[PDB]
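Here are the chains, one letter per residue:
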Amino acid sequence: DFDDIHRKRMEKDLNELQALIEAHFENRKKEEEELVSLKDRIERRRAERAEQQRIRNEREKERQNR
Amino acid sequence: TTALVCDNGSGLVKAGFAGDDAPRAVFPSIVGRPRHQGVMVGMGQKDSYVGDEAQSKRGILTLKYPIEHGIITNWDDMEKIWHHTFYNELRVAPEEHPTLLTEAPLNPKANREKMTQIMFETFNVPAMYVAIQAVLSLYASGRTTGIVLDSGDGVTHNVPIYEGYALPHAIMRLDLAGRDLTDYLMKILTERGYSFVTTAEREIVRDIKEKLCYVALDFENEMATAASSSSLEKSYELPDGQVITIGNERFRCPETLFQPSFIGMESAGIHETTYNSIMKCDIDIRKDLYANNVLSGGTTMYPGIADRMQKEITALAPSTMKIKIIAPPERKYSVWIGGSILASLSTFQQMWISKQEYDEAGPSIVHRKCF
Amino acid sequence: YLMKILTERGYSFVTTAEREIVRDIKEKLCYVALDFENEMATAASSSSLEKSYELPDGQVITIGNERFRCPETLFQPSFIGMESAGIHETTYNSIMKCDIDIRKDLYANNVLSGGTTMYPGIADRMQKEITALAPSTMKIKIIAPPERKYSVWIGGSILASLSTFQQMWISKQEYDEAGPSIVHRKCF
Amino acid sequence: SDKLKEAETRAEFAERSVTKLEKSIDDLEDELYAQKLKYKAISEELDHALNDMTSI
Amino acid sequence: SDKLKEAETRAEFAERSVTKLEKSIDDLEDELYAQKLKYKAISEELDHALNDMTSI
Ligand SMILES: Nc1ncnc2c1ncn2[C@@H]1O[C@H](COP(=O)(O)OP(=O)(O)O)[C@@H](O)[C@H]1O
Ligand SMILES: [Mg+2]
């Protein structure tokens, strides 16, 4: 007894810390930069949609104005 | 086959198969009947939501715990809780599995006898054994001596053990626990304007207590600091908005543990009942008990309690002895981990109360040699 | 109230038959303003709001700022002398009387029904008002199905078509045994 | 005449409403992106912290 | 009749546009609110970490 405390504690004392650091690094890398880039891309597409909407609205208002 | 290590507790039922690291299913032990009328037809409305289901529909229920202080006050609800635990959270029929319940020290006999009678007649288990909640917490620490303070949610008890020989004359059981701290916090929150009354809002106050409260290292200095600066005021968002700000209620709620005069209890705090429990022991094992003080149970998870308790005991104890407080990070499930270890032992395999033995001596078998 | 404020331009409707004409005017022209003061200021300067309508005999009429003042009474019942608060604040009061744990769900599932909730632009005014009253974190959503007028009857058809409901009817023999006061009993 | 007056009127209301809806949509989306970018900046703060923690 | 047909079709198209825009708004709102709650939670746990550091 009291000799399995080493073999159940020291293991996770380093392996768990290193593995969680690895998980955090990979999750941040996968998540943050890709999300910001994708949001910028969607913003550009949204601006293009806004331009198309403005053009169509203006041309239809020009024709229909009677 | 494998054994079922159930642990009734009072506030959270923890269960799982023997031989693992953590309980498989942990869920509050509340059974709440609906209280309003109900107009939708065919909605499939049941008559009682138990376990974790009633913590999501708690807006229209009247939750009521079936275990008050260790003892069980409402046997039908407890039977319902056990049935749910076996069939829906573990999905193993009890006809093929031994069970290992846990019970607080110094509890009424009738409670234990009724528990074994239920387990043998209704659920019809092959064999069940009842163990004291502190010996298991001592198993989990991997020790064999030490005095364990198991401050659960129902009752706080302090069982000293040396070399495997428990000292029955030195058990100090005190009925202040997490539930009384919840009620006292709910009572002192009214000093700022927030009124929680419904039995559903007791859960919200419990969440506030868990997430914000902490034990002060020195009480008077904290009371003076919180009354001048504002560095302590932490805010918290209710289940509907309207954030609240807790001031010096943060460390006043768990201070009740060390000064039970706050809620009107006469007895001394958990810092002095441990010293009294030690002093009742023999003069030659006091050093070992001083050096191996063990904490367990949920309520001992307050941030900063393992230092306050050590400071208090060092103040009380003689100056030469070394005071050490074992506070493992897996405190909450310490009793259940110990239960799993005990159920996994080969030497223990012949201590179960076999069903034929119960058939021959009745429910009073539990007080006999098979303890 | 619309029939009473139309008199400010010269049109007098008195007969109980002409109440139907005023009702038709209300249905076809009135709308709920998103912001009341801005609309009152705009209608008093420009003339982009004045919509005309042809009576059952000719003599077209022009409704000015009476358009959004008639249905504004819903949110300010002080116009017709009623004391109580508008439909924007009795909903919030009805929510706040409920328990503290089901307020989020009620906030998110506010349902509109009935005929009078068909005014163009009410599902936005009500949402703005409740969002002003409610805590900033909760999400306020207002369900306004296009079949609002017959919503009660569609629900009635669904309820009558259920199999589970088939034994809740007040059978005639039951009425013969307990009299008309049977309705307050278990068969509600 | 009644029918087409009704239709054009309700259509005009629809157009104004939908344009207001589009302004709402864009504001909500852009605010969402700003908040998400703040969150990712916080995530990279945490990731720098994790790189420090690589000390373990 | 011709004006009626064209007006009705324009109306129906705009109406369906309205409904779809509302649905999109609802979904983006749910996601943005979930992100908001995530942010509040991360900040709160960060502060708890800070107070844990204060303790030790
Ligand atoms: N992280 C925490 N911080 C403070 N108090 C806690 C925490 N977790 C649980 N508690 C308190 O402990 C109680 C749960 O104790 P528990 O050990 O489950 O009791 P039992 O012995 O009946 O299982 C809860 O009611 C709660 O008040
Ligand atoms: Mg316990």
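- Its PDB header names cryo-EM as the technique used to obtain the model and reports a resolution of 5.6 Å.

- UniProt, in the comment section headed Catalytic activity, describes chain B in these words: "ATP + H2O = ADP + phosphate + H(+)".
- Taken verbatim from the UniProt record of chain B, the Subcellular location comment is "Cytoplasm, Cytoskeleton".

- In the annotation of the PDB entry, chain A is listed under the name Isoform 6 of Troponin T, cardiac muscle and assigned to Mus musculus.

### Let's talk about the overall build of chain B
Phase 1: Within chain B, the regular secondary structure consists of twelve helices and 16 strands.
Phase 2: For 371 residues, the compact-globule estimate of 2.2 N^0.38 gives 21 Å, and the C-alpha radius of gyration of chain B, at 22 Å, lies within 12% of that figure.
Phase 3: Projected onto the principal axes, the alpha-carbon positions of chain B cover approximately 70 × 70 × 35 Å.
Phase 4: In chain B, which comprises 371 residues, the proportion classed as buried is 53%.
Phase 5: Contacts in chain B between residues far apart in sequence, at least 24 positions, make up 68% of those at least 6 positions apart.
Phase 6: Carbon and sulfur atoms provide 50% of the accessible area of chain B, an area that totals close to 16400 Å².
Phase 7: Across chain B, the 37 positively charged side chains and the 46 negatively charged ones have centroids separated by 1 Å.

### Observations regarding the arrangement of the chains
Phase 1: There are eight pairs of chains in contact here; the most contacts are made by chains A and D.
Phase 2: In this structure chain A stays clear of chain C, and the shortest span between their C-alpha atoms is 16 Å.
Phase 3: Taking C-alpha atoms as the reference, chain B and chain D come no closer than 19 Å and do not contact one another.

### Structural notes on the site of ligand 1
Residue and element names in this part refer to chain B.
Phase 1: In the region of ligand 1, 15 residues are neighbours, and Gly-9, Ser-10, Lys-14, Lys-209 and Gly-298 sit closest.
Phase 2: Within the contact set of ligand 1, an oxygen atom lies 2.3 Å away from a backbone nitrogen or oxygen of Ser-10.
Phase 3: One of the side-chain N or O atoms of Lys-209 is found 2.3 Å from an oxygen atom in ligand 1.
Phase 4: Protein chains shield 91% of the accessible area of ligand 1, which is 580 Å² for the free molecule.
Phase 5: The biggest single contributor to the shell around ligand 1 is helix α5 (residues 201-212), with three residues.
Phase 6: Of the residues in the shell around ligand 1, the class split is three nonpolar, six polar and six charged.
Phase 7: Residues from two domains meet in the shell around ligand 1; each of domain 1 (4-137 + 333-360) and domain 2 (178-256) gives at least three.

### Quick notes on the domain arrangement of chain B
Residue and element names in this part refer to chain B.
Phase 1: When its domains are assigned, chain B resolves into domain 1 (4-137 + 333-360) and domain 2 (178-256).
Phase 2: Computed from C-alpha coordinates alone, the two centres of domain 1 and domain 2 are separated by 31 Å.
Phase 3: Facing ten residues of domain 1, the contacting portion of domain 2 comprises nine residues.
Phase 4: Around 780 Å² of area is buried between domain 1 and domain 2 when both sides are counted, 41% of it from carbon and sulfur atoms.
Phase 5: Taken as a group, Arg-58, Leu-63 and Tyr-65 account for 57% of the area that domain 1 buries against domain 2, more than any other trio of residues on that side.
Phase 6: Where domain 1 meets domain 2, there are zero salt bridges.
Phase 7: Linking domain 1 with domain 2 are four residue pairs in polar contact.
Phase 8: Split into classes, the residues belonging to the side of domain 1 that touches domain 2 amount to three nonpolar, four polar and three charged.

### Overview of the packing of helix α1 (residues 2-53) of chain D against helix α1 (residues 2-55) of chain E
A packed helix pair is summarised by two numbers, namely the angle formed by the two axes and the spacing between the axes.
Phase 1: The contact between α1 of chain D and α1 of chain E brings their axes to 9 Å, and the two run at 20°. The pairing of α1 of chain D with α1 of chain E is recorded here as roughly parallel in orientation. When the axes of α1 of chain D and α1 of chain E are compared, the crossing they make is left-handed.
Phase 2: Partitioning the contact of α1 of chain D with α1 of chain E into residue classes produces 20 nonpolar, three polar and eight charged.

### Some thoughts on the sheet that holds strand β5 (residues 61-64) of chain B
All names here are of chain B.
Phase 1: Here we have three strands laid out as an open sheet, ordered β4-β3-β5, and antiparallel in their pairing. The open sheet is flanked by β4 (49-50) and β5, the only strands paired with a single partner.
Phase 2: Of the pairings in the sheet, the one linking strand β3 (residues 31-34) to β4 comprises two bridges and is antiparallel in character. Within β4, the residue paired with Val-31 across the bridge is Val-50.
Phase 3: Each of β3 and β4 is contacted by helix α1 (residues 75-90), which is oriented at about 105° to β3, the strand it contacts most.

### Observations regarding the interface of chain A and chain D
Phase 1: Of the residues lining the interface, 19 residues belong to chain A; the matching set on chain D comes to 20 residues.
Phase 2: In this assembly, chain A packs against chain D so that about 1900 Å² is buried in total across both faces, 59% of it on carbon and sulfur atoms.
Phase 3: The three residues of chain A that bury the most area against chain D are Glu-32, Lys-39 and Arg-46 of chain A, which together make up 27% of that side's buried surface.
Phase 4: Where chain A touches chain D, the interface holds six salt bridges.
Phase 5: For the salt bridge of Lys-40 of chain D with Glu-32 of chain A, the shortest nitrogen-to-oxygen distance reads 3.2 Å.

Rules behind the numbers
Counting starts from 1 on each chain and goes along its sequence as written, which need not follow the entry numbering; residues with no coordinates are hidden. For naming, the first written chain is A and the first written ligand is 1, with later ones following in the order written. All reported values concern the displayed chains, which form part of a larger assembly. Hydrogens are left out, water is left out, and the side-chain values use all remaining heavy atoms of the structure. UniProt positions are given in the numbering used here, feature names are shortened, and annotations may be inferred rather than shown by experiment. Numbering of helices and strands runs from the N terminus; a helix is a DSSP stretch of H or I covering at least four residues, while a strand is a stretch of E covering at least two. Throughout, the radius of gyration refers to the C-alpha atoms, and the reference size of a globule is 2.2 Å times the residue count to the power 0.38. The cut-offs for exposure are 20% and 50% of the maximum accessible area for each residue type, with area from a 1.4 Å probe on protein chains only; residues under the lower value are buried, those over the upper are exposed, and the others partly exposed. Two residues qualify as a contact provided that any one of their heavy atoms is within 4.5 Å of a heavy atom in the partner residue. Each accessible area is a Shrake-Rupley estimate made with a 1.4 Å probe; only the visible protein chains count as cover when residues are assessed. Positive charges come from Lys and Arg, negative ones from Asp and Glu, while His and the chain ends are left out of the count. Just so you know, the charge point we use is NZ for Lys, CZ for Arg, CG for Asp and CD for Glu. Near, as used in this document, describes a residue that has one of its heavy atoms within 4 Å of the molecule or strand being considered. Pairs of N or O atoms are called polar contacts if they sit within 3.5 Å, as long as, within protein, a hydrogen donor faces a hydrogen acceptor (for residues adjacent in sequence, only side-chain-to-side-chain pairs). Each residue receives one of three labels: charged for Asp, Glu, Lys and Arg, nonpolar for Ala, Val, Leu, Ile, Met, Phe, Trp, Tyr, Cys and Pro, and polar for the others, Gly being one of them. Note that the domain bounds were set by an automatic or database domain assignment. By buried area we mean how much accessible surface two parts lose on assembly, using a 1.4 Å probe and totalling the loss over both. The salt bridge definition used is simple: a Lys or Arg side-chain nitrogen within 4 Å of an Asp or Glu carboxyl oxygen. For helices, the fitted axis covers only the stretch in contact; all axes are lines through C-alpha atoms, and the angles between them, taken along N-to-C directions, range from 0 to 180 degrees. Orientation is classified from the angle alone, with under 35 degrees giving roughly parallel, over 145 giving roughly antiparallel, 65 to 115 giving roughly perpendicular, and any other angle giving oblique. Take the far helix as the reference: if the near one is turned anticlockwise from it by less than a right angle, the crossing is left-handed, and if turned clockwise, right-handed. Being paired, for any two strands, means DSSP has found at least two bridges between them.

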